[PDB]
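Trainee: need coordinates for the following:
(chains A, B, C, D, E and F, ligands or ions: 17)
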Amino acid sequence: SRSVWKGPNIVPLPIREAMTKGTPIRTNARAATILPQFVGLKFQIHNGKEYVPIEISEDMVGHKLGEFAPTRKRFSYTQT
Amino acid sequence: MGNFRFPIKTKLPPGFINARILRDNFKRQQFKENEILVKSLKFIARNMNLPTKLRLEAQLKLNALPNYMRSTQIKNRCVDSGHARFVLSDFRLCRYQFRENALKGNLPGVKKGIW
Amino acid sequence: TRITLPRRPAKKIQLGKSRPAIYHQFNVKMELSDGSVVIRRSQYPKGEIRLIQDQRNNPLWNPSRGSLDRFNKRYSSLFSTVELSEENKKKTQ
Amino acid sequence: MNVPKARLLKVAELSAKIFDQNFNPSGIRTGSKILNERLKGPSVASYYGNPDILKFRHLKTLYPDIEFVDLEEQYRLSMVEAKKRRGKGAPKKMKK
Amino acid sequence: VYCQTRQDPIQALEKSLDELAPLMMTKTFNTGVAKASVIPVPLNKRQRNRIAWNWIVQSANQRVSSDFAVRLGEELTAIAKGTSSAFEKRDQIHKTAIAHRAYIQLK
RNA sequence: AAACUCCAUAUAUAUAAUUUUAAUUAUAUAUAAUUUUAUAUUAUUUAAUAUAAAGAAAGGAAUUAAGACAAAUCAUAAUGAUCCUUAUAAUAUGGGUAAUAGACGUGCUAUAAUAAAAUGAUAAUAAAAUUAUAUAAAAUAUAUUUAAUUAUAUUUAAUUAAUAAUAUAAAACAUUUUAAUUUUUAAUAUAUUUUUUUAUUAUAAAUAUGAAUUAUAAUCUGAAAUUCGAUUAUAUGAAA
Ligand SMILES: [Mg+2]
Ligand SMILES: [Mg+2]
Ligand SMILES: [Mg+2]
Ligand SMILES: [Mg+2]
Ligand SMILES: [Mg+2]
Ligand SMILES: [Mg+2]
Ligand SMILES: [Mg+2]
Ligand SMILES: [Mg+2]
Ligand SMILES: [Mg+2]
Ligand SMILES: [Mg+2]
Ligand SMILES: [Mg+2]
Ligand SMILES: [Mg+2]
Ligand SMILES: [Mg+2]
Ligand SMILES: [Mg+2]
Ligand SMILES: [Mg+2]
Ligand SMILES: [Mg+2]
Ligand SMILES: [Mg+2]
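Mentor: Residues are numbered from 1 along each chain as shown, chains lettered A, B, ... in the order given. Ligands and ions are numbered 1, 2, ... in the order given. What follows is the structure:
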């Protein structure tokens, strides 16, 4: 849910256990909005191929998790 | 499991069966089954007046609903073949397949567009 | 290639005439996280500073004792703990 | 609009009371459009056809007297037999 | 045009066209893969007046105003009074036609 | 091939209690032309030009043969042979198909005054087609001090349709404005060009073109808009 009313996007996670004991949260959500309730929790967000380790700072609070796991590789040209 | 592809034992549609068709049909059946419930959950979610905790719970429930409850997941296949491109709704058929049927005279009132 | 500032002829400081570098310094009051004020001499012109993140509010230094802001503002009617408990099923991971 | 607003609002409320329709003067999101939408599920379900339709299996059930022949099935069986003969039959399936 | 010089504007325009329209044109040819031997060719009325009009338009476009209609009118008045590079161009065309006298085929 | 065919046209008849009306219509059935006749002028009884009198009489669509190109399609579908059968078959969660050096087609928008923008409610003038997996009218609210416009929200009036809605068609035409342009403005006078004139003073290569690119805020659909959707607002204003 983008629109301010109805928001924000929420997904079920193993949050409380992570908060108690530093066990990273392997998310395959990528469309869950980051919340104030998880800043300083270690997330392992899916990238299509491999799960990506991220520590959620206070600057990330508005954004989605998938925004920090870049799916495509950085393009180059083989100059032949 | 082993004995069936999907959780619920649904019937096969008559005539042309295909894996994709099978997948779609089952999905449609599940949508039909759980249409009212989904609507009710949506209503509970998108409510300024109701308690916020309840709306959150409803939203969570909606999120947790499977692939086969989703209306958006349904895709209109061809019924004669199993194609899913240029599928005309007025005769649930693919473009080429529709034309083939039309020229034969299978369609109830279709004919060459001469002007 | 190497970026430089090319030197002019150096000014001859005579023996005995060398003077110590007394830089211009103001007496600056630092109020820490709590109301404890401390005076320190400083080269920047600011008589008073108040600090937000110090040792006096850091957990390491006392064990015994605006994206987030924006989010809070525009999800205020909902009031977002109870919410955590509601949205934290730890089966799937 | 020289006619007053409050009176018009009252009239609208009265009309709403008379008919079943709701009266929302503030213009808040009530959620009415979610429920009020006609549910389309049965029509969607009925897309591919009537699953209970007569098949060749039944054409033996209804008319045992008539020894029918399903041609496509027979052809398939003949093909399978041919494959078996020339060493191109299906490999035996693993169970584990 | 009428306002500037009080006499039938359409008639004046027609006269201007008649004056300006070159009676023939030196049309180029391939000539059986050889020298491109040009020939004078007689012009239809429309073609004659078409040639004139394009020149008139060009000469109007050199005038000052924002509105093209004004520019056009000024140009038409000038032509009625008797001044244009269009006339010079016509004269040149006629001279070029005069060269190549017997290049005309049927004669 | 032509012709019969369909659309469109002209005429006639039938039907429509002229509130489902548009009879200036719609739709069944006919008739009508691949037009006819005559006077002349060239070339040999005819054939092209011209003239005349008789007619509503003038188009478009479908149809694209045989062969060929081992042209395209095993990804509409089906089938031969061949290969896979705990996998080359089947289901879920996410990602990809949207990657970006150069290059190639198709388009769209532009580079301003024979051309762009504001406005136009006794609402200037159409056709064709869609609306029970819907079309959504009026009206209220916010963006926005009036209101209209445009965009959302609020809520469903009417109709599953010659009856209601999508939907007051738009260019047109008319007033206004328009930088480049000291080809204008505003201070004075001026006057039989007064939405204006004259005099004297001051007014000193991308805009009041274009809309790429980006920042923030909202809205829409959906369970979900990060990769990867669509609007609106306030800024941004490349190239050309
Ligand atoms: Mg779909
Ligand atoms: Mg009528
Ligand atoms: Mg034919
Ligand atoms: Mg052929
Ligand atoms: Mg071939
Ligand atoms: Mg080939
Ligand atoms: Mg095959
Ligand atoms: Mg293939
Ligand atoms: Mg197939
Ligand atoms: Mg597989
Ligand atoms: Mg593509
Ligand atoms: Mg322009
Ligand atoms: Mg109008
Ligand atoms: Mg309306
Ligand atoms: Mg209507
Ligand atoms: Mg602009
Ligand atoms: Mg430039």
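Trainee: please look at residue B:11 and residue D:53 and confirm they touch.
Mentor: No: using Cβ atoms under 8 Å, residue B:11 is not in contact with residue D:53; the gap is 10.1 Å. The C-beta positions use only the backbone N, C-alpha and C, and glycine is treated the same way.
Trainee: from residue E:44, how far out is residue D:80?
Mentor: From residue D:80 across to residue E:44, the span is 83 Å (Cβ to Cβ, to the nearest Å).
Trainee: residue E:69: how many residues sit nearby?
Mentor: 9 (other Cβ atoms under 10 Å in any protein chain shown).
Trainee: revised request: answer the last question for residue C:62.
Mentor: Residue C:62 has 10 nearby residues by other Cβ under 10 Å.
Trainee: so what's the residue lying closest to it once chain neighbours are set aside up against?
Mentor: Among residues not flanking residue C:62 along the chain, residue C:56 sits closest, at 7.2 Å (Cβ to Cβ, 6 or more residues apart in numbering or on different chains). Residue C:56 makes contact with C:32, C:33, C:34, C:36, C:62 under the criterion Cβ atoms under 8 Å, 6 or more residues apart in numbering or on different chains.
Trainee: which of those residues are buried?
Mentor: Among the contacts of residue C:56, those scoring as buried are residue C:32 (criterion: 16 or more other Cβ atoms under 10 Å in any protein chain shown).
Trainee: using JSON lines, please lay out the contacts of residue C:56 together with secondary structure and distance to residue E:107.
Mentor: Converted to JSON lines, the contacts of residue C:56 look like this (DSSP: H, G, I helix; E, B strand; the rest coil; distance: Cβ to Cβ, whole Å):
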{"residue": "C:32", "secondary structure": "coil", "distance to residue E:107": "115"}
{"residue": "C:33", "secondary structure": "coil", "distance to residue E:107": "113"}
{"residue": "C:34", "secondary structure": "coil", "distance to residue E:107": "117"}
{"residue": "C:36", "secondary structure": "coil", "distance to residue E:107": "119"}
{"residue": "C:62", "secondary structure": "coil", "distance to residue E:107": "119"}
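Trainee: list just the nearest of the contacts of residue C:56 to residue E:11.
Mentor: residue C:33 (98.5 Å; Cβ to Cβ).
Trainee: surely that closest one and residue C:62 touch.
Mentor: No: under the criterion of Cβ under 8 Å, residue C:33 is not in contact with residue C:62, lying 10.2 Å apart.
Trainee: in space, what's closest to the residue nearest the centre of chain A - neighbours in sequence excluded?
Mentor: By Cα atoms, centre = their mean, the mean C-alpha position of chain A lies nearest to residue A:65, the distance being 2.4 Å. Excluding its sequence neighbours, the residue lying closest to residue A:65 (Cβ to Cβ, 6+ apart) is residue A:45, at 4.7 Å.
Trainee: quick check, that neighbour in contact with residue A:60.
Mentor: No: Residue A:45 is beyond contact range of residue A:60, at 11.2 Å (criterion: Cβ under 8 Å).
Trainee: from the contacts of residue C:56, which is closest to residue B:62?
Mentor: Out of the contacts of residue C:56, the member with the shortest distance to residue B:62 (by Cβ to Cβ) is residue C:33, at 43.9 Å.
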